[PDB]
Amino acid sequence: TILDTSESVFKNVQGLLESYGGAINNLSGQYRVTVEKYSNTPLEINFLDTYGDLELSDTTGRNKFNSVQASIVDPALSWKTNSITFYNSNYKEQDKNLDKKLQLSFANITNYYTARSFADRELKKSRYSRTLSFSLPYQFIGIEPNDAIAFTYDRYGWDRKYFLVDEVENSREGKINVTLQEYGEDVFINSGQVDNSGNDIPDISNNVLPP
Amino acid sequence: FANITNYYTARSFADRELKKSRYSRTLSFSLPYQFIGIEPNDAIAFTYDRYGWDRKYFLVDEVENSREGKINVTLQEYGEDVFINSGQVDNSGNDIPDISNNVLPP
Amino acid sequence: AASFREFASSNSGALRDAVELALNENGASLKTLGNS
Amino acid sequence: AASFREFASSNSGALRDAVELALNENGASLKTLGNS
Amino acid sequence: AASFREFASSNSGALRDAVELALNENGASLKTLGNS
Amino acid sequence: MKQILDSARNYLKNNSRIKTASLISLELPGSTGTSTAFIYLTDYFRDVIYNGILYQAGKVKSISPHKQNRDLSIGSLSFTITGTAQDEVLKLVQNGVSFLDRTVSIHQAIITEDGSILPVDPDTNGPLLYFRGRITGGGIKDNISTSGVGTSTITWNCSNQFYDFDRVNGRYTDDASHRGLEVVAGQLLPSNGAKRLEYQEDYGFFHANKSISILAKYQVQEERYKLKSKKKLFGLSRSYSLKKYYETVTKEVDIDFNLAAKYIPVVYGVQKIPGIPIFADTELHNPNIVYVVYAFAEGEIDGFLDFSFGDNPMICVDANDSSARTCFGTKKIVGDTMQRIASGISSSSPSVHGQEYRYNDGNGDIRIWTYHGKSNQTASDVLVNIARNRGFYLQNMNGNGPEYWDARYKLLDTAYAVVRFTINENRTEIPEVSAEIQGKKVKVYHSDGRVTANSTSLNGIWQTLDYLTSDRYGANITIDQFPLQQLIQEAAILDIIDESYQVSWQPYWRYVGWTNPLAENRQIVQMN
Amino acid sequence: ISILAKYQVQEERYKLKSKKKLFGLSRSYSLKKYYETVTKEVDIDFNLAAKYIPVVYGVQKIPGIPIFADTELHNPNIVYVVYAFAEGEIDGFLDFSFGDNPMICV
């Protein structure tokens, strides 16, 4: 990370968090940070625990993608820019061959392989569009963003369907409203990669050849 | 104008835009289903005696269909003269050749 | 609907206030439009 | 509240009109967003 | 009016949603302000 | 307007109680293979048969209104189906589903007293269409009261093909993008991502990224990474402040930290554009001999007209330029063109595919090969006959074989020019390169049913139609959705003759785009 | 700085390289407007933001802020300059570039 301290602190923090998906909270008063995770032991919940109001919304059209490019600054290019890009055959087949390109730039990452492995995460995540909202009684107090929920509801066929908590609102009475964002497990697993050492372009300039 | 380069064409079009800009009025109302098949930039002649309008000429500018069939519309006024250009004059006297980055010979 | 158009146009300032509240909460404001 | 969400989303255009009235009064418009 | 100010300020988020719906329909968004 | 059959107009004018059925043809979501089911539904109170297709009744609850206006918009709809139909919930909530495209069509039928559908559209002699488009999203709402009745509902949201105004669908000079590379089992491969299957062959752009870093060693510090911008005057509208507009109009860009510069532009009519370099090298024995490849424009262009090195054009602008500088022929009255440099005589013709032009500036040879970017172009034979001999310097320093360049470097669908500079004491550096070209060929139609598809057209309609129906780039709209007999009437409007001026007042005419100064060149609108 | 300018070619006499060239992209930006606002250089003349000290974590390359320049009295060919770089205790300097030429071979 390099920070220009003339940027307002809120914006610097926001970009810093965005660089690694973190988010911060002050519910329960202490400042807390909660990265996204695949959790082995989510909190189980069932529809009948709720107040019974439930809404599901899905926004595939804008949010979904099937190919990506990312841009970085790379010392192997003399801190010029590099532009990683790749497609996904299976996703393009599941979509009706419609090509759609995700654009990215990473300000603070320079290890090419790390950048690629992270972009793969973002692409996989973008398939999981669903968001869900409902309300909980007070006994479930202590929830935060990026807690892992397993949701179970027979009528929809959902069975330990996995979600991360994405928004929370406490109240004086104790009633809790929540919203969940779907994720899969596979979001957090990278493929193999291949050695990229063959293109360490030395961008020499401003020099005069000797006799 | 991003995409036009014939000077005379550009002038003749700007004259259109100027003339059009005089005709500010816009009008809105609703129609029963039998007038189905209207589109934007259809030409309407409107007649209404109380206003003294008599084949007053408009272009359809917005449309909304409905399941029931009731159609809402909006019209924008135009005149005929919008589409007619004046004369012009030969502009050939100012074909400035912007030569640069050259060194005069001996 | 039309009554709501008439009402809202008659009460426009309060809507602008509410929008500014939301955007300020996230950290933004319409005044950028004023300068822009 | 939820009824008001449903209503407002069903009547969104009138709100945009009212906002444009205020901003035009001060001398600004959302169309800058359209170009931006 | 004042009751409407109080109500709207209490329900500000839904108005922001409706505005975003209109602007998205034309192809624009307030988030440009967020970055700007 | 679409003209309805007048029997329907009369029936609707007479009868006071009318029956109407909405008929929905819907592609199933989540076909994981390309083959998909369809389902057919109606809001009508009983099932109905049409084209022998039986449309089920009862699932539908409501359909939104549908608004359009003179501005471009997504024209969105929604419609709702009962949340109690267990199948439809399962149709949403499967995990493996995708529906990023699925098609929908909504017919609107007048049903007469005998239960037949009334003929209305004189094309099909059948029911109208209320809407057609693509699915974009959906949702479920379940409300349970503590007491009394709750409700459950499913919404589908639909829109036209612009449902993601963020979509960028150009081409840009990077091999992995062009071929469509993906990683498998520890190596890269071409896959489906290529915009067309043939591209997977094309090792074009493979050298591009490093080539610029080579080219910089032959330019003054003024230029070493700079490039001229494209489309300097984007269209002004009341959205802009006058100041902010003219202050954002910008002549130059740096490719360093800028990727957008490397997107290929599209051209219709006549325009001047800078070359994108994609390869640079020197002959091994004689480093003074430098080959460079510039890509210019998408598709088959009608051809190159002229080249500018720096701002100096090869052809004289007028008599005074000819006095100042060595140059051949004149643009101003005669509309001379670079064909003259090969013929030795005045010509208005564009370049020809693959000829060698020798621009003797009097400062050592410039040589050009021009390829119009038409499909099935080969790799350039002059380059091949070097790499095949291992004649390139950097080829011999890296130790690559003829793999360095051969018949696989086709650069399909992409106009490009090979420049062979000679460097000497009177031309101590390579200049900037930009060119004037006559643009992409477009499928102009005729009311008689011909499709001439032969040349550029200055008409804005045929320009739009090509840009929309292009799928390599642009909106990927299928031609069967357009009414040709309407579009031809629109072109018959837009090609009205003006007489506010006369052609003899326009000497430039060949560069303006007219192919002949005498045949009427005047129409209300001409676009470049 | 006004002293230092007397020792630089007109290319540079008040120019400075920017800091944090690739700020993070998000869907808030248009692709074009982003890459067109990514900017390599700034002029300190009429710009104060350039003189704010940056903070660094990990490894980065950054330009020096000059804060003092002078010459030895007897021998004006000998020039001392002080560049400030970074806030706090850094783990240390690795390398210097004069122009773009690094001391260590690439």
# chains A, B, ... in the order shown; residues from 1 in each chain; ligands from 1

$ closest_atom_pairs --of "chain E" --to "chain A" --cutoff "12 Å" --atoms "only C-alpha atoms" --output "tab-separated table"
residue	atom	partner	partner_atom	distance
E:24	CA	A:62	CA	10.9
E:27	CA	A:62	CA	11.7
E:34	CA	A:11	CA	9.7
E:35	CA	A:11	CA	9.1
E:36	CA	A:11	CA	11.0

$ residues_around --residues "residue 20 of chain D" --least-positions-apart "6" --cutoff "12 Å" --atoms "only C-alpha atoms" --output "compact mmCIF listing (two decimals) with C-alpha atoms, in the first residue's frame"
# COMPACT_ATOMS: atom_id res chain seq x y z
CA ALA C 8 -44.36 16.56 -4.49
CA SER C 9 -43.66 19.53 -6.73
CA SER C 12 -39.80 19.62 -3.36
CA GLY C 13 -37.35 20.95 -0.75
CA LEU C 15 -37.25 15.53 -0.71
CA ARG C 16 -33.93 17.21 -1.44
CA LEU C 30 -25.33 17.05 -4.52
CA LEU C 33 -23.29 19.03 -9.02
CA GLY D 13 -40.69 9.92 -12.07
CA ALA D 14 -42.51 12.58 -10.05
CA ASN D 26 -30.39 26.91 -7.56
CA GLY D 27 -29.06 26.39 -11.12
CA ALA D 28 -28.03 22.72 -11.38
CA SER D 29 -29.25 19.49 -12.96
CA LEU D 30 -28.86 15.71 -12.85
CA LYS D 31 -28.09 15.66 -16.59
CA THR D 32 -24.51 16.34 -15.59
CA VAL E 19 -34.37 8.01 -7.86

$ select_by_dssp --residues "chain C" --states "alpha helix (DSSP H)" --output "list in words"
residues 2, 3, 4, 5, 6, 7, 8, 9, 10, 12, 13, 14, 15, 16, 17, 18, 19, 20, 21, 22, 23, 24, 25, 26, 31, 32, 33, 34 and 35 of chain C

$ closest_residue --among "D:1, D:23, D:18, D:10" --to "chain F" --atoms "only C-alpha atoms"
D:10

$ interface_residues --of "chain F" --to "chain A" --cutoff "8 Å" --atoms "only C-alpha atoms" --output "MDAnalysis selection string"
chainID F and resid 30:34 86 89:90 93 98:102 135:144 163:164 167:169 176:177 180:187 191:193 210 213 216:217 221 256:257

$ closest_residue --among "A:107, A:176, A:13, A:187" --to "chain G" --atoms "only C-alpha atoms"
A:107

$ closest_residue --among "F:474, F:96, F:464, F:61" --to "residue 491 of chain F" --atoms "only C-alpha atoms"
F:464

$ closest_residue --among "F:255, F:157, F:73, F:36" --to "chain G" --atoms "only C-alpha atoms"
F:255

$ residues_around --residues "residue 58 of chain B" --least-positions-apart "5" --cutoff "10 Å" --atoms "only C-alpha atoms" --output "PyMOL selection string"
chain B and resi 25-27+41-46+74-79

$ write_last_selection --atoms "N, CA, C and O atoms" --output "PDB file, in the first residue's frame"
ATOM      1  N   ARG B  25     -43.848  24.469 -27.456  1.00  0.00           N
ATOM      2  CA  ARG B  25     -45.001  23.836 -26.827  1.00  0.00           C
ATOM      3  C   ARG B  25     -44.958  22.312 -26.841  1.00  0.00           C
ATOM      4  O   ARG B  25     -44.627  21.673 -27.850  1.00  0.00           O
ATOM      5  N   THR B  26     -45.356  21.744 -25.697  1.00  0.00           N
ATOM      6  CA  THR B  26     -45.589  20.323 -25.493  1.00  0.00           C
ATOM      7  C   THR B  26     -46.948  20.073 -24.854  1.00  0.00           C
ATOM      8  O   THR B  26     -47.410  20.858 -24.022  1.00  0.00           O
ATOM      9  N   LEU B  27     -47.575  18.971 -25.251  1.00  0.00           N
ATOM     10  CA  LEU B  27     -48.984  18.692 -25.009  1.00  0.00           C
ATOM     11  C   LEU B  27     -49.141  17.236 -24.597  1.00  0.00           C
ATOM     12  O   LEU B  27     -48.467  16.375 -25.153  1.00  0.00           O
ATOM     13  N   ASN B  41     -42.440  10.006 -33.299  1.00  0.00           N
ATOM     14  CA  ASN B  41     -42.256  10.618 -34.609  1.00  0.00           C
ATOM     15  C   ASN B  41     -43.308  10.206 -35.626  1.00  0.00           C
ATOM     16  O   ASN B  41     -43.053  10.240 -36.832  1.00  0.00           O
ATOM     17  N   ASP B  42     -44.487   9.811 -35.175  1.00  0.00           N
ATOM     18  CA  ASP B  42     -45.654   9.899 -36.033  1.00  0.00           C
ATOM     19  C   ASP B  42     -46.156  11.336 -36.058  1.00  0.00           C
ATOM     20  O   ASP B  42     -45.988  12.095 -35.098  1.00  0.00           O
ATOM     21  N   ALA B  43     -46.776  11.708 -37.173  1.00  0.00           N
ATOM     22  CA  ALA B  43     -47.283  13.056 -37.376  1.00  0.00           C
ATOM     23  C   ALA B  43     -48.766  13.117 -37.052  1.00  0.00           C
ATOM     24  O   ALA B  43     -49.574  12.415 -37.667  1.00  0.00           O
ATOM     25  N   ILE B  44     -49.113  13.967 -36.098  1.00  0.00           N
ATOM     26  CA  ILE B  44     -50.488  14.215 -35.704  1.00  0.00           C
ATOM     27  C   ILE B  44     -50.914  15.596 -36.167  1.00  0.00           C
ATOM     28  O   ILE B  44     -50.158  16.566 -36.043  1.00  0.00           O
ATOM     29  N   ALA B  45     -52.123  15.683 -36.706  1.00  0.00           N
ATOM     30  CA  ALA B  45     -52.824  16.951 -36.835  1.00  0.00           C
ATOM     31  C   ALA B  45     -53.934  16.989 -35.799  1.00  0.00           C
ATOM     32  O   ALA B  45     -54.824  16.137 -35.808  1.00  0.00           O
ATOM     33  N   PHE B  46     -53.912  18.015 -34.964  1.00  0.00           N
ATOM     34  CA  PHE B  46     -54.809  18.180 -33.836  1.00  0.00           C
ATOM     35  C   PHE B  46     -55.821  19.264 -34.149  1.00  0.00           C
ATOM     36  O   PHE B  46     -55.467  20.306 -34.703  1.00  0.00           O
ATOM     37  N   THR B  74     -47.732  12.060 -25.488  1.00  0.00           N
ATOM     38  CA  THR B  74     -47.283  13.438 -25.482  1.00  0.00           C
ATOM     39  C   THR B  74     -46.838  13.861 -26.878  1.00  0.00           C
ATOM     40  O   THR B  74     -46.191  13.096 -27.598  1.00  0.00           O
ATOM     41  N   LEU B  75     -47.211  15.078 -27.250  1.00  0.00           N
ATOM     42  CA  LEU B  75     -46.896  15.689 -28.526  1.00  0.00           C
ATOM     43  C   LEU B  75     -45.973  16.887 -28.347  1.00  0.00           C
ATOM     44  O   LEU B  75     -46.062  17.619 -27.359  1.00  0.00           O
ATOM     45  N   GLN B  76     -45.095  17.082 -29.325  1.00  0.00           N
ATOM     46  CA  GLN B  76     -44.231  18.250 -29.424  1.00  0.00           C
ATOM     47  C   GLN B  76     -44.577  19.026 -30.684  1.00  0.00           C
ATOM     48  O   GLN B  76     -44.673  18.436 -31.766  1.00  0.00           O
ATOM     49  N   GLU B  77     -44.783  20.335 -30.550  1.00  0.00           N
ATOM     50  CA  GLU B  77     -45.107  21.147 -31.716  1.00  0.00           C
ATOM     51  C   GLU B  77     -43.915  21.256 -32.656  1.00  0.00           C
ATOM     52  O   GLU B  77     -42.772  21.363 -32.214  1.00  0.00           O
ATOM     53  N   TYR B  78     -44.198  21.266 -33.962  1.00  0.00           N
ATOM     54  CA  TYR B  78     -43.278  21.745 -34.984  1.00  0.00           C
ATOM     55  C   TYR B  78     -44.048  22.501 -36.053  1.00  0.00           C
ATOM     56  O   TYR B  78     -45.237  22.259 -36.270  1.00  0.00           O
ATOM     57  N   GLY B  79     -43.353  23.428 -36.725  1.00  0.00           N
ATOM     58  CA  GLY B  79     -43.822  23.950 -37.991  1.00  0.00           C
ATOM     59  C   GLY B  79     -43.266  23.209 -39.199  1.00  0.00           C
ATOM     60  O   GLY B  79     -42.384  22.361 -39.093  1.00  0.00           O
TER      61      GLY B  79
END
